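Inspection log for the structure reproduced underneath, given as structure tokens.
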Amino acid sequence: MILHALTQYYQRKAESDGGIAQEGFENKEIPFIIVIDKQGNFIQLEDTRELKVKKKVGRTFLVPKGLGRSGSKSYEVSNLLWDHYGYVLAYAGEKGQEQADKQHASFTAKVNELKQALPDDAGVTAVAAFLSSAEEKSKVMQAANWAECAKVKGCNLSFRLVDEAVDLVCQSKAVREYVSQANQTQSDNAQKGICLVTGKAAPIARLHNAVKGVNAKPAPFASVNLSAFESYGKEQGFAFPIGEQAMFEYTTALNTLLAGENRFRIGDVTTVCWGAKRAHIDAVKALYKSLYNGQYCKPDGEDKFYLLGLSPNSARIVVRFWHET
RNA sequence: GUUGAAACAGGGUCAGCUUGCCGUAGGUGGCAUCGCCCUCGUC
Numbered sequence: 001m002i003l004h005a006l007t008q009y010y011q012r013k014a015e016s017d018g019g020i021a022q023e024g025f026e027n028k029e030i031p032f033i034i035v036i037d038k039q040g041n042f043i044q045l046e047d048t049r050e051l052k053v054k055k056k057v058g059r060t061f062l063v064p065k066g067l068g069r070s071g072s073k074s075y076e077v078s079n080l081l082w083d084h085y086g087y088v089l090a091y092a093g094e095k096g097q098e099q100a101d102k103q104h105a106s107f108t109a110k111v112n113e114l115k116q117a118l119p120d121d122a123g124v125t126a127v128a129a130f131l132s133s134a135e136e137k138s139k140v141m142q143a144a145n146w147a148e149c150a151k152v153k154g155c156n157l158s159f160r161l162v163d164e165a166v167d168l169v170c171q172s173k174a175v176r177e178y179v180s181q182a183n184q185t186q187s188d189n190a191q192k193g194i195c196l197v198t199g200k201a202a203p204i205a206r207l208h209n210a211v212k213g214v215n216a217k218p219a220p221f222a223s224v225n226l227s228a229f230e231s232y233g234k235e236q237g238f239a240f241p242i243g244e245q246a247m248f249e250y251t252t253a254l255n256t257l258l259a260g261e262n263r264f265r266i267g268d269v270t271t272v273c274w275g276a277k278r279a280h281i282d283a284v285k286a287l288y289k290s291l292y293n294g295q296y297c298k299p300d301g302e303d304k305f306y307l308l309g310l311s312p313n314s315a316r317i318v319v320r321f322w323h324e325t
């Protein structure tokens, strides 16, 4: 019920068309976006910030999920088309060089192998020729709003070609097929079972996705980061027999329902309330809407479900709210 | 005699130094306890 209802309501919201991920995506906050042309050439440094009273790291966009970078070897992960601010320009504020060059090398190798595996796609040619030209990265630093990017941590630099201004580099009708195929091939050749919230196949998932919304840094939810929490010596993996698909689903659900209108700060904690729809409670979701307008009534439609409440800690997440009635 | 085990609230924090409830003031200017009665009628 803790993770089964998560996948249930995620699959329910997926068939209702409400801006949710679909096999290999996640709504992540992107501050400054580097808009370029069709064949490289840095054009502009757009920024979509200015939200509430606190200047967040831009607006949420659907980008392919990652495998986590928390650790000593944060350069061997090699993300797809988006990562940290130092994964493209190879420049860091407090970390310096050395480790920043290996990250850029891994990023350019990944985009080169992606262009080789999928040629003639326009969007991949720009991101493949921009990281290998070794001439526009210096002009990117000498822009207009570049001084406001190295002042905050966790900056994300994304790419976007011209002739669109509405479709990102990872949302064109070319990379979505590869993203859907990678989740049905790379994450389906590990083990055979047994799953948990589904009961079917679903191989054993390793290294859960980092959930961002309660800590200052993205941290995983259910992931044994040590060794004294495993079952019979599983070494981070077989301790929680959860499939990769269900893990991705519940992690994306928790990441999406922690920044939208369902996100509210109770008190040193960021929880989320939602119903089973078949939500629209209009009583708990509007915690800080205005001045608590008269909305509680009896519309003979009291849904069931429960109220999941996650809280930060020292490295993982703690579940405190648990009440079905 | 083959199965949740191995799990600390934490080492420590004087809530203090300062503050007269006080300088501030007539319970008073004023009112006959009295106009009235055989302690005796007596052998």
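So in our numbering, spot 44 of the first sequence is number 44, and the numbers just go up one at a time.
From the three backbone atoms N, C-alpha and C, an ideal C-beta is built for every residue, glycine too.
*asked:* Taking only three categories from DSSP, how would you classify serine 314?
replied: Here residue 314 refers to the residue found at position 314 of the first sequence. Of the three classes helix, strand and coil, the one that applies to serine 314 here is coil, per DSSP.
*Pairwise C-alpha distance: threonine 252 and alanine 21*: Reading the first sequence from its first residue, position 21 is the one you call residue 21. Reading the first sequence from its first residue, position 252 is the one you call residue 252. Answer to the nearest angstrom: the Cα atoms are 7 Å apart.
*asked:* Which same chain residues end up closer than 7 Å to residue 356 when comparing Cβ atoms and leaving out the 5 residues on each side of it in sequence?
replied: The structure shown does not extend to residue 356, since the chain spans only 1 to 325, so no value can be given for it.
*Do you know offhand how far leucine 258's Cα is from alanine 100's?*
Locating residue 258 in the first sequence gives position 258, where the first residue counts as 1. Locating residue 100 in the first sequence gives position 100, where the first residue counts as 1. Straight-line Cα distance between these residues: approximately 30 Å.
*Between the beta-carbon of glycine 237 and the beta-carbon of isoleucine 194, is there less than 8 Å?*
By one-based count along the first sequence, residue 237 stands at place 237. By one-based count along the first sequence, residue 194 stands at place 194. For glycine 237 and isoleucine 194, no; Cβs fall outside 8 Å.
*Using DSSP with H/G/I as helix, E/B as strand and the rest coil, what is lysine 217?*
Along the first sequence, one-based indexing puts residue 217 at 217. The answer is coil: DSSP assigns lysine 217 none of H, G, I, E or B.
*In this structure, what does DSSP give as the bridge partners for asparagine 27?*
Here residue 27 refers to the residue found at position 27 of the first sequence. According to DSSP, which records beta bridges pairwise, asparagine 27 is partnered with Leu62.
*Looking at the unbroken alpha helix (DSSP H) that takes in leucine 6, where does it start and where does it end?*
In the first sequence, the residue the question calls residue 6 occupies position 6. Counting along the chain, the alpha helix (DSSP H) containing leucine 6 begins and ends at 4-14.
*Taking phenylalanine 248 as the reference, give the member of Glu76, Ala165 and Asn183 with the closest Cα.*
Sequence index remark: in the first sequence, residue 248 carries index 248 (1-based). The option with the nearest alpha carbon to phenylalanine 248 is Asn183.
_If the criterion is Cβ atoms closer than 8 Å, does the pair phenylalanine 130 and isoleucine 36 meet it?_
Sequence index remark: in the first sequence, residue 130 carries index 130 (1-based). Sequence index remark: in the first sequence, residue 36 carries index 36 (1-based). Yes, the pair counts as a contact, with Cβ atoms nearer than the cut-off.
*As assigned by DSSP and simplified to three states, the class of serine 106*: On the first sequence, residue 106 is found 106 positions in, with the first residue counted as 1. Three-state DSSP puts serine 106 in a helix.
*asked:* For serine 132, report the span of its alpha helix (DSSP H) as first-last.
replied: For this step, residue 132 is matched to residue 132 along the first sequence. Residues 123-133.
*Hey, residue 333 and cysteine 170 are a contact pair by Cβ (cut 8 Å); roughly how many whole angstroms apart?*
The displayed coordinates of the chain run from 1 to 325. Any statement about residue 333 would go beyond what the structure contains.
*Hey, out of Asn189, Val224, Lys173 and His323, whose CA is closest to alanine 210's CA?*
One-based indexing of the first sequence puts residue 210 at position 210. Of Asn189, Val224, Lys173 and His323, the residue nearest in Cα terms is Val224.
*Going straight from the alpha carbon of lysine 28 to that of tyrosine 87, what length do you get?*
Within the first sequence, residue 28 is the residue found at index 28, counting from 1. Within the first sequence, residue 87 is the residue found at index 87, counting from 1. Using only the alpha carbons, I get a separation of about 16 Å.
*Return the Cβ separation of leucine 67 and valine 77 in integer angstroms, given the expectation that the two are a contact with Cβ distance under 8 Å.*
Position 67 of the first sequence, counted from the start, is the residue given in the question as residue 67. Position 77 of the first sequence, counted from the start, is the residue given in the question as residue 77. Sure, about 5 Å apart at Cβ, within 8 Å.
*Endpoints, the beta strand (DSSP E) within which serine 158 is located*: What you label residue 158 is simply residue 158 of the first sequence in a count that begins at 1. Element bounds for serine 158: 158-160.
*Return the Cβ separation of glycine 40 and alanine 126 in integer angstroms, given the expectation that the two are a contact with Cβ distance under 8 Å.*
As a first step, residue 40 is located in the first sequence; it is residue number 40 there, counting from the start. As a first step, residue 126 is located in the first sequence; it is residue number 126 there, counting from the start. That belief holds up - the Cβ atoms of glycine 40 and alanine 126 are roughly 6 Å apart, short of 8 Å.
_Cβ-Cβ separation, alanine 276 to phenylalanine 305 (assumed contact under 8 Å), whole Å_ = Walking along the first sequence from the start, residue 305 turns up at place 305. Walking along the first sequence from the start, residue 276 turns up at place 276. That belief holds up - the Cβ atoms of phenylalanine 305 and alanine 276 are roughly 4 Å apart, short of 8 Å.
_Out of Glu26, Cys155 and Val214, which one is the CA nearest neighbour of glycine 267?_
The residue labelled residue 267 in the question sits at position 267 within the first sequence. The shortest Cα separation from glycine 267 among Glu26, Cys155 and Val214 belongs to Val214.
_At the level of alpha carbons, what is the spacing between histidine 280 and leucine 307?_
Mapped onto the first sequence, residue 280 falls at position 280. Mapped onto the first sequence, residue 307 falls at position 307. The straight-line gap from Cα to Cα measures roughly 14 Å.
*Give the DSSP-derived three-state secondary structure of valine 88 in the structure shown.*
Walking along the first sequence from the start, residue 88 turns up at place 88. In this structure, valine 88 counts as coil in the three-state DSSP scheme.
_Measuring only the C-alpha atoms, how far is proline 312 from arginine 265?_
As a working mapping, residue 312 is identified with position 312 in the first sequence. As a working mapping, residue 265 is identified with position 265 in the first sequence. Each residue's Cα considered, the two are about 12 Å apart.
*Can you say whether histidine 104 is buried or exposed, counting buried as having 16 or more other CB atoms within 10 angstroms of its CB?*
Taking the first residue of the first sequence as 1, we reach residue 104 at position 104. Using a 10 angstroms sphere on the CB of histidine 104, the tally of other CB atoms reaches 16 or more, which defines it as buried.
*For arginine 265, write down the residues that DSSP places opposite it in a beta bridge.*
Against the first sequence, residue 265 aligns to sequence position 265. Its beta-bridge partners are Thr270.
_If contacts are defined as beta-carbon pairs under 8 Å, then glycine 154 and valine 57 qualify, I think. What distance do you get, rounded to the angstrom?_
Taking the first residue of the first sequence as position 1, residue 154 is located at position 154. Taking the first residue of the first sequence as position 1, residue 57 is located at position 57. Confirmed, about 6 Å.
*Is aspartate 37 helix, strand or coil by DSSP?*
Locating residue 37 in the first sequence gives position 37, counting from the first residue. It is coil, neither helix nor strand.
*asked:* Would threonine 7 and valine 197 be called neighbours here (beta carbons separated by less than 8 Å)?
replied: The sequence position of residue 7 within the first sequence is 7, counting from 1. The sequence position of residue 197 within the first sequence is 197, counting from 1. Their beta carbons are under 8 Å apart, which means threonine 7 touches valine 197 by this criterion.
*Identify whether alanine 100 lies in helix, strand or coil by the three-state DSSP scheme.*
As a first step, residue 100 is located in the first sequence; it is residue number 100 there, counting from the start. Residue state, collapsed to three classes: helix.
_Cβ shell of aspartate 47 (< 8 Å), same chain only, five flanking positions each side left out_ = Counted from its first residue, the first sequence places residue 47 at position 47. Correct list, in chain order: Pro31, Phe32, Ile33, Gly58, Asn145 and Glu148.
*How is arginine 320 classed by DSSP in three states: helix, strand or coil?*
Looking up residue 320 in the first sequence gives position 320. In the structure shown, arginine 320 sits in a strand (DSSP, three-state: E or B).
*Counted within 10 angstroms of its Cβ, other Cβ atoms place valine 111 as buried (16 or more) or exposed*: Within the first sequence, the letter at position 111 stands for residue 111. Under a 10 Å Cβ-count criterion, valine 111 is classified as buried, with 16 or more other Cβ atoms of the shown protein chains found around its own Cβ.
*Which word fits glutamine 245, buried or exposed, when buried means at least 16 other C-beta atoms lie within 10 angstroms of its C-beta?*
Here residue 245 is taken as the residue at index 245 of the first sequence, counted from 1. By the 10 Å Cβ count, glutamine 245 comes out buried.
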